[PDB]
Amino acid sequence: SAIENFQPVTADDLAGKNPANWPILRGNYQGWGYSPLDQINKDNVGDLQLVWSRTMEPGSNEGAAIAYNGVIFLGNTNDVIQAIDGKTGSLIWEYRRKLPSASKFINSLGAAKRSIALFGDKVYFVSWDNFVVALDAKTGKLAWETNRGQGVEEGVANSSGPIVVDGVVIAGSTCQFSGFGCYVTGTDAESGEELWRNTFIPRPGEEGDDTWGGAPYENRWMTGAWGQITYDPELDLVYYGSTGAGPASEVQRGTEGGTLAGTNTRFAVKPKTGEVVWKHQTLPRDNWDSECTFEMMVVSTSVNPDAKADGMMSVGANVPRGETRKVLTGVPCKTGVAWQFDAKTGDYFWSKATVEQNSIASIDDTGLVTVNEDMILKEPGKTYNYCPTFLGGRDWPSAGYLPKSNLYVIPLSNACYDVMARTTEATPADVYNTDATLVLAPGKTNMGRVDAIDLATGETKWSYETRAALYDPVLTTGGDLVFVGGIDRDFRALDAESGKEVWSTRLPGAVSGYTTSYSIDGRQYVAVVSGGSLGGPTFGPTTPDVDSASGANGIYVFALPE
């Protein structure tokens, strides 16, 4: 019935033109994480009730209810993909991939899945075994699949999910446990043919190779692009970011002094070809697993940064002050520094720290980052008191945009990392080859935090704090609300103007996944994926007074009483 008269998903849908739907991870191509739906607002949110819910597969539950014309498309863990009636919560179809023994996968991160993608009459995802897979949206039955290579025992996978642009499925990758780097690919959405593949680690003698400190090519590991991909239709530019290299210590890498061209770089590329239009390295010489791979938003804003705003690192030499620009903006790396660029040219406008950070000594008026020499992991076994941590700061949990107030709303953790490089030799299995203790940032008694930053001035308008880590995405809405989950298991709504909590419900486990909103027959629904991720186990022990249990993975859906 719900699936019956399925209409093909177009670029108009994916650009977020129909606010009744949420047909892409952040509601629109541009990465806003916003629903224009305004039925639910601060005056009635207190009445929100559970309408329906459904159990999801076990494991790290970071996915999103992709809603389209009354149907929820839902990536579970373990390559289980569901269509669910968005009104009743009844299963419509389920695809369950045949998996080899989990022990065969060296990269367990590929079990989690932040999104599927929609285009035409197909659902698109990347499997744990590193295939781009297309299912029939109407039935969940496989239409085609294409092996990208190096899956399973070789550890290339994907955790964020693809987007489809101009008939091209664009998907990044994680190779966290591999003795090599990885890539972003574009795949034809109808034929399944790989059209292009962009890599990051320079080959010997090629542009950037001299920034790797002499490290043999085969010793350059783990540089990937595992975060969220965004897109601007008008400019026709796809945006993604690459990550760092392992192990964390440049001494152990053999890259002393190396700024590591290709790593932690923000790329703007043409969707059909992968051609790089512009790029900017947001964290050079990474010794801190900084991963500048997180979603970056395309918004139009007046440009007027305050050099005295809290955390402001620097303002661009050629900042077009007072002018309105389409910008690429947000926090790309775990470090928690917000950046703003001209979306078309990559001209640097400004950058601004949020959480306590000590990896970046300065950023000059061109956007050139100089790292803090004191935090380079130069002596194995020495404890370096890094701020933030290998989980931020920010991490994958996405920001939201409030277009009425021009606020960028980002969930953050007030944590620092007492980290040391192990004294034993690093292998790819060892990842960053570090041991660490996580602590609250200096003078902070609240681990969970949400900052709302004015994109014109860089001023923080409000900041919400709570005892335990949030480590969960935000949803912003046209009802002037911000929804966010936490490891305290609360799913809460904040007043978008003040940051003050106006409603909450407590879910059975840490609220670990995305929140989306859609409507059916005029009724607004708010859907959250819950149960647990790496967040609770990591941040929970710092605030053991909070009951941060994981469990009961599911989608949980709320609405006002009929």
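The first residue of the shown sequence is 1; numbering continues from there.
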Open item on the list: Mean Cα B factor from the PDB record: higher for 378 to 386, or higher for 396 to 404?
Closed with: 378 to 386
- [ ] Could you check the entry and say whether 545 to 553 or 20 to 28 has the higher mean CA B-factor?
- [x] 545 to 553
Task: Selection by C-alpha B-factor (highest) of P100, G224, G227, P411 - done: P100
Open item on the list: Maximum C-alpha temperature factor per the entry, among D488, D289, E295, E373, belongs to which one?
Closed with: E373
Task: CA B-factor ranking of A338, expressed as a third of its chain - done: lowest
- [ ] Rank-wise, by C-alpha B-factor, drop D472 into the lowest, middle or highest third of its chain.
- [x] lowest
Open item on the list: Using the temperature factors of the C-alpha atoms in this entry, rank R114 within its chain: lowest, middle or highest third.
Closed with: lowest
Open item on the list: Ranking the modelled residues of this chain by C-alpha B-factor as given in the entry, is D38 in the lowest, middle or highest third?
Closed with: middle
Task: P58 CA temperature factor, ranked by third within the chain - done: middle
